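A.B. asks: Take a look at this one; I'll ask things after.
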Amino acid sequence: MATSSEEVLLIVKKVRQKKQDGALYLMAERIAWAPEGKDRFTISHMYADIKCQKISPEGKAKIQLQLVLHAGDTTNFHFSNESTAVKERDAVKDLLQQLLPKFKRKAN
Amino acid sequence: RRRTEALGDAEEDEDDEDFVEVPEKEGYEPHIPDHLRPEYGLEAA
């Protein structure tokens with residue numbers, strides 16, 4: 001609870017969540033986001049609570065990811081890391097489509 | 001340059017629209033570019 005970090009499979013840096021710079025960490029059973037230099041994740045979603053994901057496509061001034069939950073909930077993650085924005089986006093993206101169904105099993 | 005310019009931000013909010021739905025893979029592996037298939041049918045010499 002609070003300060004908890006399970007096996008991180010993907011480490012993405014410089015990720016903005018609603019005008020907040022931080023980092024996105026893909027974990028074995030969940031996805032979490034926390035501002036830079038923070039031990040506590042302000043955003044924590046288990047793949048079992050996510051319905052599908054979306055990505056702000058090429059062409060936008062900023063490449064981002066969107067997590068759509070079962071109730072129509074959405075968590076936006078902006079890859080503010082100029083170095084590997086698109087690259088880290090697709091890394092999180094492909095790994096999500098990979099880990100999402102691992103827990104996602106429902107009719108919604 | 002850069003810091004000598006009027007480069008400042010405090011309102012660069014995240015786009016909440018224009019996100020292309022990302023489907024699941026389940027049975028997929030990133031792997032690596034394999035083009036060394038010894039099953040072409042010419043491997044007889």
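Naming scheme: A, B, ... for chains in displayed order of the structure tokens; residues 1 onward per chain; ligands 1 onward as shown.
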Extract, using only C-alpha atoms, all DNA, RNA and protein residues at most 10 Å from residue A:74, discarding same-chain residues fewer than 3 positions from it, and format them as a PDB file with C-alpha atoms, in the first residue's frame.

C.D. replies:
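Generated output (result05.pdb):
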```
ATOM      1  CA  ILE A  50      -8.494  -1.803 -17.523  1.00  0.00           C
ATOM      2  CA  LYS A  51     -10.789  -2.461 -20.496  1.00  0.00           C
ATOM      3  CA  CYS A  52      -8.552  -1.219 -23.300  1.00  0.00           C
ATOM      4  CA  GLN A  53      -6.019   1.474 -24.037  1.00  0.00           C
ATOM      5  CA  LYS A  54      -5.554   4.236 -26.603  1.00  0.00           C
ATOM      6  CA  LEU A  65      -1.300   7.003 -23.934  1.00  0.00           C
ATOM      7  CA  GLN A  66      -4.854   6.670 -22.603  1.00  0.00           C
ATOM      8  CA  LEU A  67      -6.035   3.900 -20.291  1.00  0.00           C
ATOM      9  CA  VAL A  68      -9.747   3.197 -20.622  1.00  0.00           C
ATOM     10  CA  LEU A  69     -11.144   1.403 -17.613  1.00  0.00           C
ATOM     11  CA  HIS A  70     -14.280  -0.760 -17.462  1.00  0.00           C
ATOM     12  CA  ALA A  71     -16.669   2.042 -16.449  1.00  0.00           C
ATOM     13  CA  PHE A  77      -0.070   9.631 -19.806  1.00  0.00           C
TER      14      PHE A  77
ATOM     15  CA  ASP B  16      -7.544  14.358 -23.503  1.00  0.00           C
TER      16      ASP B  16
END
```

A.B. asks: Pick out the residues sitting within 10 Å of residue B:18, and hand them over as an MDAnalysis selection string; count only C-alpha atoms, and ignore anything fewer than 6 positions along from it in its own chain.

C.D. replies: chainID A and resid 54:60 64 66

A.B. asks: Write out the residues from the selection above, keeping N, CA and C atoms, as a short mmCIF file (atom, residue, chain, number, x, y, z; two decimals), in the first residue's frame.

C.D. replies:
```
data_model
loop_
_atom_site.label_atom_id
_atom_site.label_comp_id
_atom_site.auth_asym_id
_atom_site.auth_seq_id
_atom_site.Cartn_x
_atom_site.Cartn_y
_atom_site.Cartn_z
N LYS A 54 -5.59 3.43 -25.39
CA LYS A 54 -5.55 4.24 -26.60
C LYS A 54 -4.27 5.03 -26.58
N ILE A 55 -3.89 5.58 -27.70
CA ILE A 55 -2.65 6.36 -27.76
C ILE A 55 -2.84 7.62 -28.57
N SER A 56 -2.41 8.77 -28.07
CA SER A 56 -2.52 9.96 -28.88
C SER A 56 -1.58 9.73 -30.05
N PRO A 57 -2.19 9.53 -31.24
CA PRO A 57 -1.51 9.18 -32.49
C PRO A 57 -0.49 10.21 -32.95
N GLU A 58 0.30 9.83 -33.94
CA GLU A 58 1.28 10.72 -34.52
C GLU A 58 0.55 11.92 -35.12
N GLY A 59 1.16 13.08 -35.06
CA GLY A 59 0.53 14.28 -35.57
C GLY A 59 0.23 15.25 -34.45
N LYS A 60 -0.08 14.72 -33.27
CA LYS A 60 -0.31 15.57 -32.11
C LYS A 60 1.03 16.14 -31.67
N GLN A 64 0.94 10.52 -26.59
CA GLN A 64 0.46 10.09 -25.27
C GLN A 64 -0.29 8.77 -25.29
N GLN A 66 -3.61 6.53 -23.34
CA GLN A 66 -4.85 6.67 -22.60
C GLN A 66 -5.37 5.31 -22.14
#
```

A.B. asks: Pick out the chain B residues within 6 Å of chain A. Count only C-alpha atoms. Give them as a PyMOL selection string.

C.D. replies: chain B and resi 13-14+18-26

A.B. asks: Taking C-alpha atoms for each residue, export the selection above as a compact mmCIF listing (two decimals), in the first residue's frame.

C.D. replies:
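What landed in out_14.txt:
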```
# COMPACT_ATOMS: atom_id res chain seq x y z
CA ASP B 13 -1.87 20.33 -20.23
CA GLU B 14 -2.26 16.80 -21.56
CA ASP B 18 -7.26 12.11 -30.20
CA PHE B 19 -6.08 8.77 -28.87
CA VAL B 20 -6.07 5.80 -31.12
CA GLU B 21 -7.44 2.79 -29.39
CA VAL B 22 -4.79 0.25 -28.59
CA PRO B 23 -6.11 -3.35 -28.73
CA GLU B 24 -4.69 -6.36 -26.87
CA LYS B 25 -2.27 -8.95 -28.30
CA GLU B 26 -2.36 -11.78 -25.76
```

A.B. asks: What is the distance between atom CA of residue A:24 and atom CA of residue B:31, in Å to one decimal?

C.D. replies: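 So the answer is 23.5 Å.
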
A.B. asks: Provide the atom CA of residue A:29 to atom CA of residue A:85 distance in Å, to one decimal place.

C.D. replies: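 Between atom CA of residue A:29 and atom CA of residue A:85 the gap works out to 23.3 Å.
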
A.B. asks: Step one, run DSSP on the backbone; step two, keep only residues of chain A assigned to helix (DSSP H, G or I); then write them as a list in words.

C.D. replies: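 Output for chain A, helix (DSSP H, G or I) only: residues 47, 48, 49, 85, 86, 87, 88, 89, 90, 91, 92, 93, 94, 95, 96, 97, 98, 99, 100, 101, 102 and 103 of chain A.
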
A.B. asks: Please save N, CA and C atoms of the selected residues as a short mmCIF file (atom, residue, chain, number, x, y, z; two decimals), in the first residue's frame.

C.D. replies:
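Heads up, here's the output in selection_10.cif:
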```cif
data_model
loop_
_atom_site.label_atom_id
_atom_site.label_comp_id
_atom_site.auth_asym_id
_atom_site.auth_seq_id
_atom_site.Cartn_x
_atom_site.Cartn_y
_atom_site.Cartn_z
N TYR A 47 -4.04 -4.24 -14.28
CA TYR A 47 -4.48 -4.58 -15.63
C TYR A 47 -5.89 -5.19 -15.61
N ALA A 48 -6.29 -5.69 -14.45
CA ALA A 48 -7.60 -6.30 -14.29
C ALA A 48 -8.72 -5.26 -14.21
N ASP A 49 -8.34 -3.99 -14.08
CA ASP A 49 -9.31 -2.91 -13.99
C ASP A 49 -9.37 -2.13 -15.30
N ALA A 85 10.07 9.61 -26.56
CA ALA A 85 8.61 9.77 -26.41
C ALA A 85 7.83 8.70 -27.17
N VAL A 86 7.89 8.78 -28.49
CA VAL A 86 7.20 7.82 -29.36
C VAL A 86 7.65 6.39 -29.07
N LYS A 87 8.94 6.24 -28.83
CA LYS A 87 9.54 4.94 -28.56
C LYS A 87 9.02 4.32 -27.26
N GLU A 88 9.02 5.09 -26.18
CA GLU A 88 8.54 4.60 -24.89
C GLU A 88 7.04 4.40 -24.94
N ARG A 89 6.36 5.23 -25.72
CA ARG A 89 4.91 5.13 -25.87
C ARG A 89 4.54 3.77 -26.41
N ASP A 90 5.16 3.39 -27.52
CA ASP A 90 4.90 2.11 -28.16
C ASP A 90 5.36 0.96 -27.28
N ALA A 91 6.40 1.18 -26.48
CA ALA A 91 6.89 0.15 -25.57
C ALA A 91 5.83 -0.14 -24.52
N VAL A 92 5.23 0.92 -23.99
CA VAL A 92 4.18 0.80 -22.98
C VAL A 92 2.93 0.25 -23.64
N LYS A 93 2.72 0.70 -24.86
CA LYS A 93 1.57 0.33 -25.65
C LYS A 93 1.56 -1.16 -25.94
N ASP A 94 2.62 -1.66 -26.58
CA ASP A 94 2.74 -3.07 -26.93
C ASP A 94 2.75 -3.97 -25.70
N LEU A 95 3.41 -3.53 -24.65
CA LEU A 95 3.48 -4.32 -23.43
C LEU A 95 2.13 -4.31 -22.74
N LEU A 96 1.38 -3.22 -22.89
CA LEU A 96 0.06 -3.13 -22.30
C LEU A 96 -0.86 -4.11 -23.01
N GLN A 97 -0.97 -4.02 -24.34
CA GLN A 97 -1.78 -4.98 -25.09
C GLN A 97 -1.35 -6.41 -24.76
N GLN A 98 -0.14 -6.55 -24.26
CA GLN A 98 0.40 -7.84 -23.86
C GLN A 98 -0.06 -8.24 -22.45
N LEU A 99 0.07 -7.33 -21.50
CA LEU A 99 -0.28 -7.60 -20.10
C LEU A 99 -1.75 -7.32 -19.76
N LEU A 100 -2.40 -6.45 -20.52
CA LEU A 100 -3.80 -6.10 -20.28
C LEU A 100 -4.72 -7.33 -20.28
N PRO A 101 -4.72 -8.15 -21.36
CA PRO A 101 -5.59 -9.34 -21.43
C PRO A 101 -5.24 -10.40 -20.39
N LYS A 102 -4.01 -10.33 -19.86
CA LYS A 102 -3.54 -11.28 -18.86
C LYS A 102 -4.43 -11.22 -17.62
N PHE A 103 -5.05 -10.06 -17.41
CA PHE A 103 -5.94 -9.86 -16.27
C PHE A 103 -7.34 -9.54 -16.75
#
```

A.B. asks: Suppose you want the space between atom CA of residue A:38 and atom CA of residue A:23; what is it in Å?

C.D. replies: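 Straight-line distance from atom CA of residue A:38 to atom CA of residue A:23 works out to 9.2 Å.
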
A.B. asks: What's the 8 Å shell around residue A:30, counting only C-alpha atoms, without same-chain residues fewer than 2 positions away, as a ChimeraX atom specification?

C.D. replies: /A:26-28,32,44-47

A.B. asks: Write the residues of the selection above to a file with N, CA and C atoms, as a compact mmCIF listing (two decimals), in the first residue's frame.

C.D. replies:
```txt
# COMPACT_ATOMS: atom_id res chain seq x y z
N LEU A 26 5.71 0.25 -15.80
CA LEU A 26 4.86 -0.89 -16.09
C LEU A 26 5.28 -2.03 -15.20
N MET A 27 4.35 -2.55 -14.43
CA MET A 27 4.67 -3.61 -13.50
C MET A 27 4.03 -4.91 -13.94
N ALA A 28 4.58 -6.00 -13.45
CA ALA A 28 4.12 -7.35 -13.78
C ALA A 28 2.60 -7.51 -13.73
N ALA A 32 1.62 1.84 -12.95
CA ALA A 32 1.60 2.93 -12.00
C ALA A 32 2.41 4.12 -12.47
N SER A 44 -2.31 4.37 -9.86
CA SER A 44 -2.08 2.94 -9.81
C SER A 44 -3.30 2.19 -10.32
N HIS A 45 -3.12 1.48 -11.43
CA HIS A 45 -4.20 0.70 -12.03
C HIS A 45 -3.74 -0.70 -12.32
N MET A 46 -4.51 -1.68 -11.90
CA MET A 46 -4.17 -3.05 -12.18
C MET A 46 -4.71 -3.37 -13.56
N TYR A 47 -4.04 -4.24 -14.28
CA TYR A 47 -4.48 -4.58 -15.63
C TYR A 47 -5.89 -5.19 -15.61
```

A.B. asks: Which is closest to residue A:22 among A:107, A:2, A:43, A:8, if we use only C-alpha atoms?

C.D. replies: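 Distance minimum relative to residue A:22 lands on A:43.
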